[PDB]
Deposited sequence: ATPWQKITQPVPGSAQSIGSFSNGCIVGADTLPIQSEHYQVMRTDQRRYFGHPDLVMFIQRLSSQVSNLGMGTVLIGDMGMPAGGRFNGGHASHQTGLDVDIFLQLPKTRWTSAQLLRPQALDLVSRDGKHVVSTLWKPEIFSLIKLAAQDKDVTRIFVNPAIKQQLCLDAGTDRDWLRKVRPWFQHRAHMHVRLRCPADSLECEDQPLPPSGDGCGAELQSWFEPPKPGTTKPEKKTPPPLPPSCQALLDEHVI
């Protein structure tokens, strides 16, 4: 119902993320190419494949790595609307073009348009919510999340508490990256990736670092039991 949810073209300008992840917008958003050899775009009918150049580059960079490891094709979910803003339906952030949802399934064969248009969600989390379905969990999903968490531009990765629990178990020695993995409601089929504010973006609000430690103990366990600049775009009918 908002102008943000109605515009179909990005606001032309210098790429600028404005506000915070959960209250803001983005001017000069870039558009993720639809055709790629390393990834595919889901639910393009929602028109949520826009974002900051940094988000686009991270996707291209992450998808190229997965491909070169022969793990499959990346499936890209919600990014941001043409000018950012709150989603009518879906996660609550993604407002500044720095958040991207990625399916926790790596097809080894490209999906068809119909499949991408209406994805068949693969519920990983157990029926009670404390573990992952062992017959669906693949080593590639572990790798996918670890690779993402290792990018210097990524600050946080939100997944269901059960998924992080399966990660805590498989991490072994190399586990500082686990700190970037944060538990949250749902996120049973997608991992939510959030990037740091772009260096040159002056009206972007960053988040403190996450708690210290892998976070695999008590905190995880607790789970098992408008910016003037944006408003201006409205006040002047630019959206």
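In this chain the deposited sequence has one gap in the coordinates, at 226 to 241.
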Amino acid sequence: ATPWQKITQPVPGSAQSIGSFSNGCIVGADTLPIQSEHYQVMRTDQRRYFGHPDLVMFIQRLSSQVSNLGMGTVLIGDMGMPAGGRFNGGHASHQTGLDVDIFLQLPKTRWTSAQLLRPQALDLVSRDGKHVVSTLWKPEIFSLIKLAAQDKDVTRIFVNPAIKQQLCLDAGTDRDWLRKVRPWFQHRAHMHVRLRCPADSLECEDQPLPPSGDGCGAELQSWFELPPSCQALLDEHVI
From here on, numbers count along this sequence of modelled residues.
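Higher mean CA B-factor, judged across 92 to 100 and 164 to 172 from the recorded values: 164 to 172. Taking only CA atoms, the mean B-factor in the PDB entry is higher for 126 to 134 than for the other of 126 to 134 and 141 to 149. As recorded in the PDB entry, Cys204 shows the highest C-alpha B-factor of the residues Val181, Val41, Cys204, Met57. Take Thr155, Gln105, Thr112, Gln120 and read off each C-alpha B-factor from the entry; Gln120 has the highest. Residue-level temperature factors show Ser212 in the highest third of its chain, judged at the C-alpha atom. When all modelled residues of the chain are sorted by CA temperature factor, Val66 is found within the middle third.
The deposited CA B-factor of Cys25 belongs to the lowest third of values across its chain. Sorting the modelled residues of the chain by their CA temperature factor places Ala199 in the highest third.
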